[PDB]
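Scope of the values below: all heavy atoms of this structure, side chains included, with no hydrogens, waters or symmetry mates. Counting begins at 1 with the first residue of the sequence. Both counts, for ligands and for their atoms, begin at 1 and track the order of listing.
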Amino acid sequence: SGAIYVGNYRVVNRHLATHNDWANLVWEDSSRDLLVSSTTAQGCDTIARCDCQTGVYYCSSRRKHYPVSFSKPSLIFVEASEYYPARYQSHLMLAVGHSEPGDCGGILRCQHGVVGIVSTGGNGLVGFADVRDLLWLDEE
Ligand SMILES: Cn1nc(C(=O)NCc2c[nH]cn2)c2ccccc21
Ligand SMILES: [Zn+2]
C-alpha cells in the first residue's frame with residue numbers, strides 16, 4: 001500500500017484505488033497502472049523534474065529502504081499477475097531488488113523529490129511507475 005500527496009492530488013496504483021478514488025477521479029491510465037484522485041486537504045510531497053537513474057525505494061515486506069540504480073521510463077513486457085493479464089506496461093522503470101505484491105505503493109525518490117511508485121516485481125527485479133512526466137501534478 002502507498003500513495004503520493006501533491007497539492008490537491010492523490011496518486012495511487014490503479015489496481016489499489018478505492019471506491020472513493022473512483023468517485024473523485026481526475027485521470028487514469030491502465031497501461032501505466034496509475035490513478036490520480038482529488039483531495040480536500042493540501043499535500044506536502046514534491047515531484048522530481050529530472051532524468052535521474054539513481055535513488056532509494058521503500059520495501060514494506062522487509063521494513064527497509066534500499067538504494068538502487070534504475071533504467072529510464074520505457075515500454076516493457078510484464079507477465080500476468082492477480083490484477084492484469086500479460087501485456088506491455090508503459091512508462092516503467094526497472095531495478096535489481098526484493099519485492100512482493102503488497103509492496104506496491106512504496107515510493108522511489110531521488111535528490112529532486114518523488115520519482116515514482118512500486119508497481120511490478122519478480123525474478124529479483126522491482127518495477128516502478130514513473131510520475132516525472134506528469135507536469136500538471138504541480139500546476140493550476
Ligand atoms: C511488487 N510486485 N507487484 C506485483 C503485482 O502483482 N503488481 C500488479 C501489477 C501491475 N502491473 C501488472 N501487475 C508483484 C507480483 C509478484 C512479485 C512482486 C510484485
Ligand atoms: Zn532527480
Undergrad: Do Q89 and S119 get their side chains close enough for a donor-acceptor pair, meaning under 3.5 Å?
TA: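 Yes.
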Undergrad: Below 4.0 Å from any atom of ligand 1, is there a heavy atom belonging to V118?
TA: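 Yes, that is the case, since the closest heavy atom of the residue is under 4.0 Å from the ligand.
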Undergrad: Please check whether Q89 reaches ligand 1 - meaning an N/O of the residue sits under 3.5 Å from an N/O of the ligand, judged on distance alone.
TA: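 Yes, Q89 has an N/O under 3.5 Å of an N/O on ligand 1.
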Undergrad: In degrees, rounded to 10 degrees, what angle do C52 atom SG and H112 atom ND1 make at the Zn ion (ligand 2)?
TA: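 Angle SG(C52)-the Zn ion (ligand 2)-ND1(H112): 100°, rounded to 10°.
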Undergrad: Which residue from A129, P101, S119 reaches closest to atom 7 (N) of ligand 1 through any of its heavy atoms?
TA: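 Minimum heavy-atom distance to atom 7 (N) of ligand 1 goes to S119.
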Undergrad: Taking only heavy atoms of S99, which atoms of ligand 1 are found under 4.0 Å from at least one of them?
TA: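 Answer for ligand 1: 1 (C), 17 (C), 18 (C).
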Undergrad: So, does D103 use its side chain to make a donor-acceptor pair with the main chain of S60 at under 3.5 Å?
TA: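 Confirmed, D103 side chain pairs with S60 backbone.
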Undergrad: Do the side chain of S74 and the main chain of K72 share a donor and acceptor less than 3.5 angstrom apart?
TA: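 Yes: the side chain of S74 pairs with the backbone of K72.
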Undergrad: Is there a side-chain contact (heavy atoms from CB on, under 4.5 Å) between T18 and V12 once you walk through the steps?
TA: CA-CA 9 Å; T18 73; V12 284; over 6 Å; no
Undergrad: Closest by any non-hydrogen atom to atom 3 (N) of ligand 1: pick that one out of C59, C104, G105.
TA: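 Ranked by closest heavy atom to atom 3 (N) of ligand 1, first place is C104.
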Undergrad: Looking only at heavy atoms of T120, does any of them come nearer than 4.0 Å to an atom of ligand 1?
TA: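 It does; at least one heavy atom falls under 4.0 Å.
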Undergrad: Any atom of ligand 1 sitting under 4.0 Å from a heavy atom of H15?
TA: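 So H15 counts as touching ligand 1.
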Undergrad: Got a donor-acceptor contact below 3.5 angstrom from the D33 side chain to the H15 backbone?
TA: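 Answer holds: yes.
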Undergrad: Which protein non-hydrogen atom lies closest to atom 12 (C) of ligand 1, naming both residue and atom, and how far is it?
TA: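 Heavy-atom neighbour on the protein nearest atom 12 (C) of ligand 1: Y84 CD1, 3.4 Å.
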Undergrad: Among protein heavy atoms, which lies nearest atom 13 (N) of ligand 1, and at what distance?
TA: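 Looking at atom 13 (N) of ligand 1, the protein heavy atom closest to it is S81 OG, 2.9 Å.
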Undergrad: Is the backbone N or O of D130 less than 3.5 Å from a side-chain atom of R32, with the two atoms forming a donor-acceptor pair by type?
TA: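 Yes; at least one donor-acceptor contact below 3.5 Å.
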Undergrad: So, does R132 use its side chain to make a donor-acceptor pair with the main chain of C52 at under 3.5 Å?
TA: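 Yes, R132 side chain to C52 backbone: donor-acceptor pair under 3.5 Å.
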